[PDB]
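In PDB author numbering, the protein residues as written are 90 to 141.
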Ligand code: NA
């Protein structure tokens with residue numbers, strides 16, 4: 090599956106998964122999110138959820 094814009098639910102899940110696995114292991118994190126691959130989760134984290 091392929092998803093477009095991120096939902097608030099997805100964002101919250103990414104936050105919880107990063108807490109569990111660390112801001113890495115993106116492939117593992119992505120396995121829990123339907124329609125998302127590792128790089129998408131990585132970019133969402135660095136650009137939107139935890140910006141510098
Ligand atoms: Na996925």
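Note that beta-carbon positions come from the ideal geometry of N, C-alpha and C, so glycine has one too.
Taking 8 Å as the upper bound for CB-CB distance, residue 127 and residue 119 are in contact here, some 4 Å apart. In this structure residue 106 is buried. Its beta-carbon is surrounded by 16 or more other beta-carbon atoms within 10 angstroms. Scanning 108, 92 and 90 for the CA closest to the CA of residue 139 turns up 108.
Cβ neighbours of residue 102 within its own chain (closer than 8 Å, five residues either side excluded): 121 and 122. Within the model, the alpha-carbon separation for residue 125 versus residue 95 is close to 10 Å.
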